[PDB]
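The chain below stands alone, shown as structure tokens; this is the form deposited in one PDB entry.
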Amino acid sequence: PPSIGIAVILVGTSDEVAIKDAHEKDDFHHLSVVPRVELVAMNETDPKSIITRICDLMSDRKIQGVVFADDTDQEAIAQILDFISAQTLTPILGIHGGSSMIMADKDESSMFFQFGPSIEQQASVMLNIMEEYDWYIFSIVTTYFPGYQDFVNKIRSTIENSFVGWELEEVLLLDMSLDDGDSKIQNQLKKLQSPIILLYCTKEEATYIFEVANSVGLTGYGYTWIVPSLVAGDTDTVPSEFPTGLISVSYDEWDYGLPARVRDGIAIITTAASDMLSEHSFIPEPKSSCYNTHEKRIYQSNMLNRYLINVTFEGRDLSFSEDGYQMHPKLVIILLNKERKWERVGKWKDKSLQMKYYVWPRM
């Protein structure tokens, strides 16, 4: 059975041996095609480093797909990967780290998929948390981070259709592409009355917003902030500006560890290829280079996508969405406690939210 190349790129310290030994279910590849995985390490996650690394891989060997993990809080990595994936029409899976932080509005030509919940699902989960504890009065704060419209609209759409007494008091939009030497964001935040506040932004943006929120007295008791996975990010990295009592939805390697994920990544790309070779007696030829993609345009396609999003493996449904998120992620609701450590306080699985406490804890 013919071999397809799969690059697994690991940024930052990670057990390559625990990873290689987990993929010993390589004697569990039964298809029309076998994976030929090659672990690459990478030290830097700027655009040039990431682009030239993947593009040297693609020219030195014959890559069919890429599995990307990193150890950072850098959501821009998703964005860079999606750009590369769309330009070169190579499949890329962001399975861990910044690479897996929600990217909204992926290119039409994108073959880039992410391990994690959609923006709309985290918003719905955030409303389920509020319904449980009867926190019906709330406000939203977002930046211009891509997705913020999808977030605000998912909220709005949900609570308009509801026999529940929601009251969305205020929606703020914070421009952090400009400096804050005019105390503009402070004067916006000063308008928040609600006891619940949903915040949609990046981790670096939350750092600043919380610092300002604190200085106008919006972090203490009587104010609860709920943020999405990418703000919590790496949970072993907690900015001092994060308030205690911060709630977050999360997918950060709790019960679904890296070696497992690289396994499922290699599985998704291999299954996919097999399904297409099965059914068209060909799969797309890996691009010889990315410096010649203006020429070979008419010869390339995102055909492999239909199959990448419909893989079942080892009795789990690893399907993706058209938008490029995982369909059925197991999520964990975490709570930043008095000792500045993130603490599990709820699980979300199968449309059901099962929280730990009935009366909400006090920090």
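The first residue of the shown sequence is 1; numbering continues from there. Rigid core here is just the name for the largest C-alpha set that superposes within 1.5 Å across the two forms.
Absent from the display: the form deposited in another entry. The rest refers to it.
Once you line up the core between this form and the one not shown, the Cα of residue 328 stays within less than 2 Å of where it was.
Residue 45 shows a C-alpha shift of 2 Å or greater between this form and the one not shown [criterion: core-superposed Cα displacement of 2 Å]. With a cut-off of 2 Å and the rigid core superposed, residue 306 has a Cα displacement that falls short of the cut-off between this form and the one not shown.
Relative to this conformation, an increase of 3 Å or more in the Cα-Cα distance between residue 22 and residue 118 is found in the other form. The gap between the Cα atoms of residue 263 and residue 26 is larger in the other form, by no less than 3 Å, than in this form.
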